[PDB]
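Taking the form deposited in one PDB entry, here's one chain by itself in structure tokens.
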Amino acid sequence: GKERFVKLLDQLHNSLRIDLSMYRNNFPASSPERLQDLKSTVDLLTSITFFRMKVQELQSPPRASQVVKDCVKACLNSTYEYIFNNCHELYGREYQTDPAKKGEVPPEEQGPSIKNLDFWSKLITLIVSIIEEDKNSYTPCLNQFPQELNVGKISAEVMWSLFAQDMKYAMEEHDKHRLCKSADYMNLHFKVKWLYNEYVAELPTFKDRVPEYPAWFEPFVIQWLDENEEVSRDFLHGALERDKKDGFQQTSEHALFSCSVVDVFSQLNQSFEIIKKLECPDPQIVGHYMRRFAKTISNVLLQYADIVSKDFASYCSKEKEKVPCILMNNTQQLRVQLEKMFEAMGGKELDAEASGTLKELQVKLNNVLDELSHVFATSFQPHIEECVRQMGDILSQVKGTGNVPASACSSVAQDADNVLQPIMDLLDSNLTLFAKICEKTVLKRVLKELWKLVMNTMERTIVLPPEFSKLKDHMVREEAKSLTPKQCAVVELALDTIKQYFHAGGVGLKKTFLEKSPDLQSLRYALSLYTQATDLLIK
């Protein structure tokens, strides 16, 4: 009786749920009238459900929003299956303009191939068509429970989830085989990010971080990173040769370095820009990519440095004196634009291992500058020793002449200029060439090296330290031949003058460094043996 009735409702509720579990197919979006029937059909279902909630005062928990939702999920599962089984014909019919539109060629039907990634880009396009359909078409249609039934939001989650379990498995498959170009896995990783961020990422289920999807691609980018390191190496050779053939012209009068430096950092940056555009949302993975790119950056820059040191001495023949100055300028530039890269990879936020690979590089790079300046300063040494023995001769010719009115007598001040003159052609011709064409950090480094060499050579050449000879049983150092008082004064004043030329006002080394310089003190102590005539006891 009333039992005949309750069976009859269950049968009608059931019939409608069956209709709704294929809504896309049973109520195509193409038909406005048929979309009305879909609305009417959800209405009739809610009314039945509602009446059961009341008159069938017995609990009827199937609340209508849940029933429609579960029906919609079914239609979606079906849709996904239709889409996945007809990927090709659906895609070529509609989205392929296009040259060689023919199809249908590759059974086993492209979805998925392991030779090729094409099927997945097509399937992603078709997935979007549906989600957009469920947002644009069906959601307005089924507004009856806006708080609890957003068809488009459901379309996105279900379609993403279904697509995701397949893609996961397909990537595991390609991880074992790797038959595609990395550029292909790279483009897919990209197209998938767009899809996730565009439709899934703001969904409640997912709004809480962090997505699985990047891990599916992690191995394939690490491979692209490897291939990429090797392309960076080949770019670097013949980035220099273009520059070496061009003779290392500075790029501009403001611009202290040659073109090859901007090329290497442009290409290192383009590669970094690629990774940045994945917008990888898993920090453990992003730290992994950074770790590995830091290895690339290091081997590339070191290759840049190793390539000059190998060649540097060859440029130190004095005919082309600016060029060696530029390479140091270039090497300095590596140090600074690397810092700029280091920040772009996140600074302190950067993964520690990556941050350490780079700071260890920043150090090794700066040691290359040192060796490099030192080779340059030593490029002069022979000409310095010739300059210094030549100035020790003049000092030996210094003598007091005032004894007779002889008013042509040369003052200590004059005698000092005459002693310095043979080395002066260095200081004018060159130290005003250098600061003209040197990074500040670079010039400071070269001057500190030249200064060492001058105080070194003088401690050897004009001192003429006394020799050992046998004296009774054993070898003992002979007493120093003292300089004459005039000579003492000429040497002192000469030395102080030389220290000033390096100070260069403020332009050169600071007075503080020169005074403390152990090469100056080693020289001053050497002088002191010779200098006894004017040295004060009790300063």
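Start at 1 and count along the sequence shown; that's the residue number. Here, rigid core means the biggest group of C-alpha atoms that superpose within 1.5 Å across both forms.
- Higher mean CA B-factor, judged across 442-450 and 427-435 from the recorded values: 427-435.
- For the two regions 103-111 and 225-233, the entry's Cα B-factors average higher over 103-111.
- When the Cα B-factors of 186, 262, 151, 201 are read from the PDB record, 262 comes out highest.
- Highest CA B-factor among the listed residues (278, 156, 123, 409): 409.
- In the deposited entry, the Cα temperature factor of residue 296 places it in the middle third of its chain's modelled residues.
- Residue 87 sits in the lowest third of its chain by CA B factor, as recorded in the PDB entry.
- Compared with the other modelled residues of the chain, the Cα B-factor recorded for residue 514 ranks in the middle third.
- In the deposited entry, the Cα temperature factor of residue 79 sits in the bottom third of values across the chain's modelled residues.
- Ranked by Cα temperature factor within the chain, residue 335 sits in the middle third according to the deposited record.
The same protein also exists as the form solved in complex with a partner chain; that form is not shown, yet it is the one meant from here on.
- Using a 4.5 angstroms limit between non-hydrogen atoms, residue 432 touches the partner chain in the deposited complex.
- Looking at residue 513, you'd find every heavy atom of it more than 4.5 angstroms from the partner chain in the deposited complex.
- The partner chain is not drawn, but in the deposited complex it has no heavy atom within 4.5 Å of residue 148.
- Within this chain, residue 61 is remote from the site of the partner chain in the deposited complex, having no heavy atom within 4.5 Å.
- Of the stretches 26-34, 39-47, 481-489, 497-505, only 497-505 has residues with a heavy atom within 4.5 Å of the partner chain in the deposited complex.
- Only one of 339, 311, 428, 360 comes within 4.5 Å of the partner chain in the deposited complex through a heavy atom, and that residue is 428.
- Candidate set 252, 367, 397, 403; criterion, C-alpha shift of 2 Å or more between this form and the one not shown after rigid-core fit; matching residue, 403.
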